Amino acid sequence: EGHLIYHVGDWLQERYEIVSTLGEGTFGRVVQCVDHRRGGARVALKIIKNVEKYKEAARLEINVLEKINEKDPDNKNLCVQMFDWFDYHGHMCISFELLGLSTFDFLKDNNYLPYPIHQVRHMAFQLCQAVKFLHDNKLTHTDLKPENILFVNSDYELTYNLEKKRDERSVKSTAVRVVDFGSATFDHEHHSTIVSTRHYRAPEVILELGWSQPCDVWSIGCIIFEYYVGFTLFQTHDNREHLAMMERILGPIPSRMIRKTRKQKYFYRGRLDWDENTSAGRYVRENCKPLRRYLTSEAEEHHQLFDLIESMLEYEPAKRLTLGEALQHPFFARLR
């Protein structure tokens, strides 16, 4: 498949002693290494497949990662640090700071039982800070999701949930980092027509009306919801169904966006061409509901969170909350 074959103990660059495999994917593999040129510091080495397209994609990430480091010498940006990069016999290798499991991995290991609201607040704040940094530097991440947000340390402690009568895993530290900048696009760069993983895709991306920074905010909205409930907001792999789910959860699509889109097969009489009476329409009715019906409590802090999610899930990209605004939200008031 083009993967680099390696054994526990191998030395790349005569520098990186392989300890274990941290991750795996279609990009390649991530390996924990002892960096003998950095005092024996444990690093995370992303080894990209020996494949033309993935190599060219890795170089674009390296370009973003170099801009990330440049514009953040003190490492306050909450984006993953690249310490080194090199070309190893066709394999692009990137040396990262060692982190923990993804916020998805942790949620999954916790039976998809949601994060506590106080942890959601700290996770959401850091997410907004990290992407705002990118937004300030003329960048859009495009591929934001629980998998691309990692805990710095994913060590947990067992905590009883008196309500659900179950034991829950609670991460000791909620410090997170944003990873995977392979899709990151500069303002001047060639924008792809379709971006984001399905579940976190903004409606302007679906309707192909052009996209920039606002589409990241839409993703962050979905992610934060997922942190609060446990399951993904839009569970679908179909455009027309996705748009129907959007309408049920958030209300009608703005008339201007229907008017402007070329995706006119999805629309009839200036409204969404969706029949709720079908078995597909009934499925949408029984698998999702208006956004605020997902509240686990009526306490003020829970309502403030959904004020934030709702503002982030504004249909119109230009009318959508910016991340500079997001950090000023009443929901983040009780943080140091």
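Heads up, when I say rigid core I mean the largest set of C-alphas that superpose within 1.5 Å between the two forms. Numbers for residues come from their place in the sequence shown, where the first is 1.
Comparing the two stretches 116-124 and 67-75 by root mean square C-alpha distance in 4 other deposited structures of this protein, with all structures fitted on the core, the more displaced one is 67-75.
Farther on average from this form in 4 other deposited structures of this protein lies stretch 151-159, the comparison being between 151-159 and 239-247 by RMS Cα distance after core superposition. Look at the mean CA B-factor for 236-244 and for 161-169 in the entry; the higher one is 161-169.
Stretch comparison (303-311 versus 266-274) by mean CA B-factor in the PDB entry places 266-274 on top. Sort the modelled residues of the chain by CA B factor and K71 lands in the highest third.
Per the deposited record, the Cα B-factor of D143 falls in the lowest third when ranked against the other modelled residues of its chain. Placement of the Cα temperature factor of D136 within the chain: lowest third of the modelled residues, per the deposited record.
When the CA B factors of the chain's modelled residues are split into thirds, the value for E97 lands in the lowest one.
Per-chain ranking of the deposited C-alpha B factor places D155 in the highest third.
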